[PDB]
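Just so it is clear, the values below take in all heavy atoms, side chains as well, and ignore hydrogens, waters and symmetry mates. Numbers restart at 1 for each chain; the letters A, B, ... are given by sequence-line order, proteins then strands.
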6 protein chains.
Amino acid sequence: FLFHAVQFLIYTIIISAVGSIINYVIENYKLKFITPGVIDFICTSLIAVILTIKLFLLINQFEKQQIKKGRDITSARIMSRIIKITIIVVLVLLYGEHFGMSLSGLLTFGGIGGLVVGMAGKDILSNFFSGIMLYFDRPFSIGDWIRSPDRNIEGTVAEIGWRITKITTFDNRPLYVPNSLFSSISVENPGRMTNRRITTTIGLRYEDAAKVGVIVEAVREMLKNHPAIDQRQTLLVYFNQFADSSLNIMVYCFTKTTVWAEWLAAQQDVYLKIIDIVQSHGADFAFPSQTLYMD
Amino acid sequence: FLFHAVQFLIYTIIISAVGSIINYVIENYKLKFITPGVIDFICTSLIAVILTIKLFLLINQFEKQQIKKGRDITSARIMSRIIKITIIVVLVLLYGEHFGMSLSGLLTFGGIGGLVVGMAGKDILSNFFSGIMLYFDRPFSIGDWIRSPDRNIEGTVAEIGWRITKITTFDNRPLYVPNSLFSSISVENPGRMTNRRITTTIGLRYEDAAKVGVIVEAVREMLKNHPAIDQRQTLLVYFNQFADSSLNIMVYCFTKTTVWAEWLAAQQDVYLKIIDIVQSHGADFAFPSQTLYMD
Amino acid sequence: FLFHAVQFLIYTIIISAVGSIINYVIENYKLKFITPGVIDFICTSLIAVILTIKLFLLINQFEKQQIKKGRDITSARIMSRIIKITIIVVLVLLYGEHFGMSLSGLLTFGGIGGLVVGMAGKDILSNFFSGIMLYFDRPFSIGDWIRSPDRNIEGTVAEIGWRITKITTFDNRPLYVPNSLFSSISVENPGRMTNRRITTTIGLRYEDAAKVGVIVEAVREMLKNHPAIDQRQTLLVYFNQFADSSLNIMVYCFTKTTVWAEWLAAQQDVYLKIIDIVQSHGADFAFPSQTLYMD
Amino acid sequence: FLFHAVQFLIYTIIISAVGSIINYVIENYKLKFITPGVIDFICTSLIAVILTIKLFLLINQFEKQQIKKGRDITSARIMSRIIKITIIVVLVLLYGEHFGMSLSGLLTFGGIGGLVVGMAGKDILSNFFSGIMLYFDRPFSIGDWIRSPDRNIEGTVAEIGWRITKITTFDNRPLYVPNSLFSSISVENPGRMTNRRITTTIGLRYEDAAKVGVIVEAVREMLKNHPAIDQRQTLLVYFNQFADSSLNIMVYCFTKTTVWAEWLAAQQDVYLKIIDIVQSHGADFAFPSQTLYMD
Amino acid sequence: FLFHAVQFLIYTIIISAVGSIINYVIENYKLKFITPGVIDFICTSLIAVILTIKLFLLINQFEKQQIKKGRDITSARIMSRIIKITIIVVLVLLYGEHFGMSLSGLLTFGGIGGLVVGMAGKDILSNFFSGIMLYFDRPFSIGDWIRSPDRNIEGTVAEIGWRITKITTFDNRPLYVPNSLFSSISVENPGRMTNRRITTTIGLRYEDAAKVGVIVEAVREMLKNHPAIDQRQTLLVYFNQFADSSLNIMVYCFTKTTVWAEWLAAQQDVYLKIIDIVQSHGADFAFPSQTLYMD
Amino acid sequence: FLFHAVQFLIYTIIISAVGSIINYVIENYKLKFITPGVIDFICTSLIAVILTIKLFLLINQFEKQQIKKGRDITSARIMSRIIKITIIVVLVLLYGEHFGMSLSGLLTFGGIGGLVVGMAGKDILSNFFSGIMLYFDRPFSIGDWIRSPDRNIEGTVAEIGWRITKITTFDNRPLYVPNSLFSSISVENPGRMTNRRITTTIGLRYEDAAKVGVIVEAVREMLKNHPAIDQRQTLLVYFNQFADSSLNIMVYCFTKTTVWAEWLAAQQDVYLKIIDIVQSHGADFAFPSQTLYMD
């Protein structure tokens, strides 16, 4: 690593200095058939060979700590093959000036190779960049319950990584969401809610119309006196729908608490009180109804 | 920052002046083995080293105020690694002329690298640009209730940022909408409405046809005398549908007010008056009906 | 292979040395009509011919071990034709400097050829790159049961390859999933679950309201004493819905075990106990209900 | 073909040698108004004319064996027109150096022409490349029954081609699937299945609860003694659902055989045994049920 | 056309020869203020003017046979305007060397113009290329009945063109399908079917179980003796489904013929025989059934 | 326009001739501090200023006939601003050689500007190109009734334009269809139909099976003797479906006429005859049926 790199740099600097001194001597004294370009190319090739050997040393070392944690020899050998071919291709690209062919044909080849690699690896790059963005600006935090109206990502955030985010679903299963999704969908954060909402519909029989009015008032009064209902939020109780078999009354309010169990307990208490109020005034709930004409 | 930049610029200007003076002297007096290109390259390398050291100083400082607010050492160290590799890659690109390799191979490499970075980071850039556009021209304002027929973004706008917009839903939950969505979907603004609309259907029995006409007139007359109904807007009451089990009469009007509770109260009053009118004329509402042929 | 490559390299090095010596001699002694560029072009053409012959030897050998495992002669011959035309096209591109035509027209031709090959082969490249990514970072492992809310990939992972992943479905059928899908969809891993979830709904008759309260308590008490229920997880039993023909009570709990058969046995035991509790208090489950008005 | 190509190459080599000899003579003896560039351009034009004539000969011959198999004269003539215009366009591109116009304007024209041809013919190229990939790595084989959860490609594979794959559907109709689809969808291979699956649901009346337990045991015992059921696979019989009008018992097992007729026969035998077991214990299957409240 | 082109070429060749002779004379004798580049530019401009006049002659002629078949003067005049502006733009691009401006700015302008024309006209080019592909390799033929599971293209093929394919629907209406669709969808060819398929379901009452077995045998025996049923294909008759109100028996076979009327006649005969067999054994078909619990 | 262009060209030609004469004089006689490049740049700048003034004159004139037809001053002024900035940007691009900056930086700037304009204006260009294609090859004509199975474009074609096509719907409303849609969807042309189709289903009671056969024959005979039915087309009457509550008989035929009213009259006559035939044989049509099991 740094030691080998420093050694290679020192060797290269020394070889370059020696070549420059040799060129200066060939300038001073009879150079004969010299071609200083050829001497410089040989010097570069020596540097190129040293760099290639150093790189292959790291390739072998990398293969070693790849195998020692598993990664059976087939897969590790294949991966080493891939990245050594990548290294040699990069080396061929970089120095086509010293001894390589037409610079312009190499331009075309390297350009279209990099360009196809450009389209191919777009998704991984987008995931990495969205991970960086989430590092700098994220709408949630670890432990927050989140959901989206576009995709199914519901659950509590467990970990945030460079490529994927780990979320614990509500059936105790891990879910791995690619980071790029957080750059194009709307993310809702119920974990930062302020109140829980109670919404329901009371369906009365069509023969209870004369009672509807007073019933509404009764329900509203109860909601104004319940100790678990937030009085500074919206509180609506009105008759607003002609259903097929019933007259519908909306109920719309909020609870002071955000805890799941307390909200459910308050909802159950409100529902039981509503049943008592409706049955006290002589009305009743309506089943689906029909009119039958027999032959 | 500005102080370090000024110091580096002064040092660079002085080194360049010294190199120019040395080149002029080598022109005047015997230059010997000079290679003024080499002296200039050494001078640039010194400037390059100074710039690299200055940049790394800022990298370290940035890492420091990243850690002091949290951002555990692993993540901060990784981020510093990323941006220092980015800086060194930029430096390698910029000065491949002084000592770098083939300018044209470096062209290919830098070009395809920037081009893949181009496809990868399109979403973040689009969000930033749409944020700028919303800064200059936005259809809503903070506190406005908005919705869209294409996506689910309903709620009152809370904050407008550079990347995302924060909207408060109607169950008191925050929602984070990417800015780019506001460049391709239709945004409706109910917060700037002028009237609320009352629409309903009266379904009468098929044996009430002889009454339908007069009933319609009655309803229309009531809507023309209600103090909560805007008389300068549309007001339609007509029989316009043969339903499966009923004859349907449309009711279509507007209220003067836009407040939620007042609109609901007016709607309830209108519905109760409609029930009274229908039952006063001897007609009745129709349940779903069927004809049964028994064996 | 390596032997033939070494022989060709040695031959090329020797030919180049001979050509350089000949050019030096033509410099020293009367060169006559020489055109050293032409001699070098002839030398390169000889090297080009040798390289082409060597490549065609490998093409033929490859065709041989393609046929010996099957791959009837038509298909193998066609494939050899394709890759030999590819090789000759590459050779024509590389050395258009020595005797080829306008370097710039060849630039255009090679560039647009590589660019169309770029769009065409994007999917295979993306699959290969996602295979590499799965090699380095994968959310699952061999033998894990996985599923996705976006696509149908449910089953237990059997093999992970360079292009596709083999998954065993639950009807004992192999399924081959392209690797690129794992870069854009959310992958859920039920094989790493911690608990199994029991969720159900108890629908009581509308005449059982006076009992609902006590019934809920009874059920909750039973769930607090069942030896197969995890007491450190969520445990909710509340009345929370006015259904069309019934009052709905939710039941929400977790089991200690994750085995399929044990979870099903515990679920059956809980259901039977629930039936006994409901029938013991005088209530009953509700069928779909209706009200009929006869003529 | 090869003979004409060899003749043209020999003629071109001879013309080039003659032109070089003429240039050498013009160098030696008084060249007068020579412009050796013009002589070389004339020589190339002669070579260009010979190449064009040779190409047109092949164009005509190709038209001939196109017509002799049909392909009425209109279509064949049109196709010959297309590929001869393509050939002349290629010739104009290649040698704009000898007498053509600005090399750079020709760069622009050839580049954008090839680039539009690049977008236009992407689908055919992708089909060809996916055909090559299927040649090297395919998940199925000829005669295998395959299907996909993404598209409708169900049937037994009949032929694999360079562009499309021919599949025989189960109503004895050919289906032609483009090869590129096999690079982006999940392919399931029921032809390589190991067992067939038997899954069903037993719906009992709500008054049969006291029997449910014993009934389940009976069914399970039968499945443990059936000679056609694989005992090493999954075998589940549990009561796991409160349906609207019934209590549901799941049955989940596998058969030893994979043949269609034998699997169906075993399924029928199991179903008849299940009916006998259910009716023997005094229970019965449940029709959809309802509760009617008459006026 | 060819005559005018030959005349223009002869004139251009003569002008070029005259200019070359004039340049040679100016070389031999005192050229004075000559600027041979200017004389050559004037000569080219004369050639350019001649070419422009010749092109405009064809533009006018084309307008003439456009109008003589209709194409009212407005549309024809507009089209002539478009293609003459295209011709002059091409001429401006081609010779910006002789007197045009910066070659590199013209590079940028021509390049981005051609590139936008590249994205814009992709669909027409794709249709043309798919037409060529269909010419070389098509899955159907004129007169074949085809359909697709992806799009609605059902009908018998009538004509195959360069851009669209004309198909006669089964209500005697023409349908024009773009050719590019045949490069990305699966095409099924019922016109090349081998057998027609008979599939049906027999739903028996739940009280007919004791008969089900024998009934199945009877039906199978009949299908084995029907002279219109192919005995070498699949023939399956089994009880395989517990329906809501019935027990379902599958029937699955093939006919020897592929003619529409004969297949329908055989199907009707089979259905009538099935009815007779079912009613002969004492069973009966099942209507939808329900259980009613009255108050 | 042409007059101003001719005047400007004459002025430019004269200025260029004067500059050339001045350069020749400076060559002949003592030029002193001349810098002929500077004199030529001044001459070009004068030409540039004249061209800019001429262009601005047309800009103003265009603004004038824009306002005189309406187009209130704000919009017209804005549009003039846009196209004058476009003109000046084009002028800056074209002549960066005479006095502009680095040609290569201007290359980058002009290239990316044109390239973004390339992506942005793709839709308008595609509409224009599809309009040209429809001019040359269109599947319909003015007055034809067309429809598509992919989009809703049903109606009779009224006008064909360069960007959009105007179609009259069947409720007498104009519809404007972008031209590009006609390049990617299947267009059906009912206006060029040859026959109208009569298709229906006769549902008989399950107790009418003994009659089904003869009934079918009767219906077929009637269809063979109806004077409004085309006897050379398809004519099918068969029993082909076991429905839930009925036995289904298909009727499939064609009428000789294509007029709407005559086709409807023939259909009504056929339906009445079918009713008479069915009721004459003792059968009857079937209502939806059910079997009820009372407690």
Side-chain angles (χ1 to χ4, degrees), chain E residues 75 78-79 82 101-102 104-109 111-113 115-124 127 151-153 163-164 169-178 180-181 200-203 245 260-261 264-265 267-268 271-272 275 279 285-294, chain F residues 93-97 103-104 106-107 110-111 113-115 117-119 121-122 125-126 128-130 132-133 135 137 139 149-150 162 180 183-190 192-197 206 209 212-213 216 233-234 236 238-240 242 244-245 254 289-295:
Chain E
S75 314
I78 292 264
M79 260 297 326
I82 313 176
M101 355 299 141
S102 172
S104 210
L106 286 211
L107 283 182
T108 291
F109 153 85
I112 53 56
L115 195 297
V116 317
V117 165
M119 275 137 307
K122 171 187 173 303
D123 304 78
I124 303 101
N127 281 342
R151 316 274 291 263
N152 187 5
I153 65 168
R163 197 187 71 86
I164 61 168
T169 58
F170 282 104
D171 61 356
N172 292 4
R173 297 174 180 182
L175 174 72
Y176 306 94
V177 182
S180 55
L181 304 191
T200 180
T201 299
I202 311 173
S245 304
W260 201 354
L264 284 178
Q267 203 183 22
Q268 166 179 345
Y271 283 5
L272 292 175
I275 290 181
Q279 255 150 45
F285 301 87
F287 294 110
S289 306
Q290 246 170 352
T291 302
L292 308 181
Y293 298 97
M294 230 81 48
Chain F
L93 176 275
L94 257 314
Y95 279 156
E97 155 266 319
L103 292 210
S104 210
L106 286 211
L107 283 182
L115 195 297
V117 164
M119 275 137 307
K122 171 187 173 303
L125 254 296
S126 45
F128 180 61
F129 286 166
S130 301
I132 299 179
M133 167 273 280
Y135 178 99
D137 176 24
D150 307 23
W162 72 272
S180 55
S183 184
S184 60
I185 69 176
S186 311
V187 173
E188 163 155 347
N189 202 327
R192 304 216 255 243
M193 67 174 282
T194 63
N195 294 62
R196 295 254 190 181
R197 190 176 65 178
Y206 265 86
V212 158
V216 162
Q233 302 289 331
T234 297
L236 300 171
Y238 292 103
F239 156 55
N240 71 333
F242 282 103
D244 292 76
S245 304
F254 286 90
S289 306
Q290 246 170 352
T291 302
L292 308 181
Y293 298 97
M294 230 81 48
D295 51 349

Show your reasoning for whether side-chain contact (heavy atoms from CB on, under 4.5 Å) applies to E:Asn172 and F:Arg196.
-> CA-CA 8 Å; E:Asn172 292 4; F:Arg196 295 254 190 181; over 6 Å; no
Heavy-atom cut-off 4.5 Å, strictly under: side chain, backbone, both or neither for [X] against chain F?
| X | answer |
| --- | --- |
| E:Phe170 | both |
| E:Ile78 | neither |
| E:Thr200 | side chain |
| E:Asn127 | side chain |

Residue pair F:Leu106 / F:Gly96: nearest heavy atoms and the distance that separates them | CD1-CA, 4.1 Å
Heavy-atom distances under 4.5 Å only: say whether [X] touches chain E with side chain, backbone, both or neither.
| X | value |
| --- | --- |
| F:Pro139 | both |
| F:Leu107 | both |
| F:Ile185 | backbone |
| F:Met294 | both |

Below 4.5 Å, heavy atoms only, C-beta onward: do [X] and [Y] meet side chain to side chain?
| X | Y | answer |
| --- | --- | --- |
| F:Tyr206 | F:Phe242 | yes |
| F:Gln290 | E:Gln290 | yes |
| F:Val117 | E:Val116 | no |
| F:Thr194 | F:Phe254 | no |
| F:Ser186 | E:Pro178 | yes |

Output the option from [options] having the highest count of non-hydrogen pairs under 4.5 Å with chain F.
| options | answer |
| --- | --- |
| E:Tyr176, E:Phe285, E:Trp260 | E:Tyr176 |
| E:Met79, E:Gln267, E:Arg173 | E:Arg173 |
| E:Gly105, E:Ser102, E:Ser104 | E:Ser104 |
| E:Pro174, E:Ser289, E:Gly203, E:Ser180 | E:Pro174 |
| E:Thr169, E:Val177, E:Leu264, E:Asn152 | E:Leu264 |

Kindly indicate, with the supporting measurements, whether the criterion side-chain contact (heavy atoms from CB on, under 4.5 Å) is fulfilled by F:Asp137 and E:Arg163.
-> CA-CA 9 Å; F:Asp137 176 24; E:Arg163 197 187 71 86; 3.3 Å; yes
Among F:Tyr135, F:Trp162, F:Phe128, F:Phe239, residue most engaged with chain E (heavy-atom pairs, under 4.5 Å) = F:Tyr135
With respect to chain E, which residue among F:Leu94, F:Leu93, F:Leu103 yields the maximal number of heavy-atom pairs within a distance under 4.5 Å?
-> F:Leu94
When you measure from the side chain of E:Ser245 to the backbone N and O of E:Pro288, does any donor-acceptor pair fall under 3.5 Å?
-> no
Derivation and outcome, salt bridge (charged side-chain N to carboxylate O under 4.0 Å, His left out), residues E:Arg151 and F:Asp150 | CA-CA 8 Å; E:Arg151 316 274 291 263; F:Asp150 307 23; 2.6 Å; yes
